[PDB]
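Encoded as structure tokens, the structure appears first; notes follow it.
Chain naming here is simple, since letters A, B, ... match the order of the sequence lines and numbering starts at 1 in each. We use all heavy atoms of the structure for the numbers below, so side chains are in, but hydrogens, waters and symmetry mates are not.
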Amino acid sequence: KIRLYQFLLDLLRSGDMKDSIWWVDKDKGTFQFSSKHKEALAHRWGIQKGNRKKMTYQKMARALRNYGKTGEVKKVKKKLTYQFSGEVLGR
DNA sequence: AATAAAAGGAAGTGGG
DNA sequence: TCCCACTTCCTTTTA
Ligand SMILES: N=C(N)c1ccc2nc(-c3ccc(-c4nc5ccc(C(=N)N)cc5[nH]4)[se]3)[nH]c2c1
């Protein structure tokens, strides 16, 4: 099954949910969620995974935070903003 | 207060 | 057995 960081990168590449997520500086890999429209993106993640419960942005961001140590995705000191690693952006 | 963003410990679920 | 890669639950903290 697809990994969360890959789901997000795929969305950013396709533009399919541009009202929920967008690049801030794509060269740096920084991206930002919509305050008002992030829940619809979280719902889509849960449905893609076939999880038992409805996915929420809160639970999706809980998963995102686990990438902090390994480095695939890091939180940026800006509202609803995160940053992919160079490895993730290259691969 | 109401609302939201951010955090993280801990236990549960998948598929190896 | 026991890690993967989250998911789910609950509580706290800050703005
Ligand atoms: N509404 C808003 N416009 C808004 C905008 C930006 C915000 N940036 C925050 C936070 C930053 C740090 C926070 C925090 N540091 C913690 C340490 C420990 C724990 C714990 N559970 N031990 C919890 C913590 N939370 Se909250 N809140 C914002 C709100």
Side-chain angles (χ1 to χ4, degrees), chain A residues 2-90:
Chain A
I2 187 172
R3 297 189 68 176
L4 174 54
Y5 71 77
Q6 190 62 56
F7 171 82
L8 299 171
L9 187 59
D10 289 352
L11 278 185
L12 281 159
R13 291 196 176 134
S14 77
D16 199 55
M17 292 193 80
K18 288 188 111 75
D19 297 336
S20 298
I21 193 175
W22 49 82
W23 290 118
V24 178
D25 181 336
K26 55 194 163 178
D27 289 32
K28 293 175 179 177
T30 58
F31 62 95
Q32 178 178 48
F33 297 97
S34 173
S35 183
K36 274 285 293 187
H37 304 299
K38 63 197 184 298
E39 294 294 344
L41 180 157
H43 297 158
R44 177 178 174 165
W45 171 233
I47 290 170
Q48 174 157 144
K49 284 291 297 295
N51 296 331
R52 175 184 40 239
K53 306 261 177 170
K54 179 193 78 183
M55 173 61 61
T56 63
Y57 180 81
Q58 181 174 346
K59 285 186 301 183
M60 189 182 79
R62 183 64 190 89
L64 283 184
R65 280 198 295 285
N66 290 333
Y67 292 133
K69 202 167 175 303
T70 46
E72 292 87 343
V73 183
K74 283 180 179 183
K75 184 73 177 67
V76 170
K77 298 293 202 185
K78 294 289 176 151
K79 190 173 163 185
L80 292 173
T81 307
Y82 292 84
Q83 187 175 13
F84 296 113
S85 67
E87 293 81 355
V88 162
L89 296 163

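- Taking atom CZ of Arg3(A) as the reference point, atom P of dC3(C) lies 17 Å away to the nearest angstrom.
- Along DNA chain B, the nucleotide nearest to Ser35(A) and the one nearest to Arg65(A) differ in position, and the one closer to the 5' end is contacted by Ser35(A).
- Within a 6.0 Å radius of NZ in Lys74(A), other residues, nucleotides and ligands contribute 12 heavy atoms or fewer.
- Counted by atom type alone, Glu72(A) and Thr70(A) present one or more donor-acceptor pairs between their side chains at under 3.5 Å.
- Not a single donor-acceptor pair, N or O on each side, falls under 3.5 Å between the base of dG14(B) and the side chain of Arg52(A).
- Counting non-hydrogen atoms under 4.0 angstrom, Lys38(A) reaches the backbone sugars and phosphates but no base.
- Distances shown here put every side-chain N or O of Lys59(A) at or beyond 4.0 Å from the OP1 or OP2 atom of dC9(C).
- Contact between the side-chain N/O atoms of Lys53(A) and the OP1/OP2 oxygens of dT8(C) is not found at any separation under 4.0 Å.
- To the nearest angstrom, P of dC6(C) lies 12 Å from CD of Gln48(A).
- Across all strands shown, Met55(A) has heavy atoms under 4.0 Å from sugar-phosphate atoms exclusively, and none from any base.
- Distance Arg62(A) CZ to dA5(C) P: 16 Å, rounded to the nearest Å.
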Between the protein and nucleotides 12-15 of chain C, which nitrogen or oxygen pairs are less than 3.5 angstrom apart?
none

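- An OP1 or OP2 oxygen of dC6(C) is reached within less than 4.0 angstrom by no side-chain nitrogen or oxygen of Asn66(A).
- The side chain of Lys75(A) contributes no N or O atom lying less than 4.0 Å from OP1 or OP2 of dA7(B).
- Whole-Å rounding puts the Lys36(A) NZ to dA4(B) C1' distance at 12 Å.
- Using the sign of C1'-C2'-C3'-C4' as the criterion, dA5(B) falls on the south side of the pucker cycle.
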Stepwise, does the side-chain contact (heavy atoms from CB on, under 4.5 Å) test hold for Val73(A) with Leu4(A)? CA-CA 10 Å; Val73(A) 183; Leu4(A) 174 54; over 6 Å; no
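- Protein atom NZ of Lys69(A) is 13 Å distant from nucleotide atom P of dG8(B), rounded to whole Å.
- When the P atom of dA6(B) is taken as reference, atom CD of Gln58(A) falls 12 Å away, rounded to whole Å.
- Nucleotide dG14(B) has no partner under the Watson-Crick or G-U criteria, as no pair reaches both atom distances under 3.5 Å.
- In terms of phosphate contacts, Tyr5(A) brings no side-chain nitrogen or oxygen within less than 4.0 Å of OP1 or OP2 of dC6(C).
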Give the C-alpha distance, both sets of side-chain angles, the deciding distance and a yes or no for ring pair (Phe, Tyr, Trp, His ring centres under 6.0 Å) between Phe31(A) and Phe84(A). CA-CA 8 Å; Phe31(A) 62 95; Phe84(A) 296 113; 4.4 Å; yes
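- Within 4.0 Å (heavy atoms only), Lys78(A) reaches sugar-phosphate atoms of the nucleic acid but no base atom.
- In this model, the phosphate group of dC6(C) is not approached by any side-chain N or O of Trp45(A) to a distance below 4.0 Å at OP1 or OP2.
- Residue-level contact check: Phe7(A) touches neither bases nor backbone, having no heavy atom under 4.0 Å from any strand.
- Rounded to a whole Å, the CG atom of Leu80(A) is 7 Å from the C1' atom of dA5(B).
- We find that CE of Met60(A) is positioned 15 Å from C1' of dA5(C), with the value rounded to whole Å.
- Figure legend: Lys38(A) and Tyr57(A) shown as a cation-pi pair, the cationic atom lying under 6.0 angstrom from the six-membered ring centre and within 45 degrees of its axis.
- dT14(C) is paired with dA4(B) under the Watson-Crick or G-U wobble criterion, all donor-acceptor distances under 3.5 Å.
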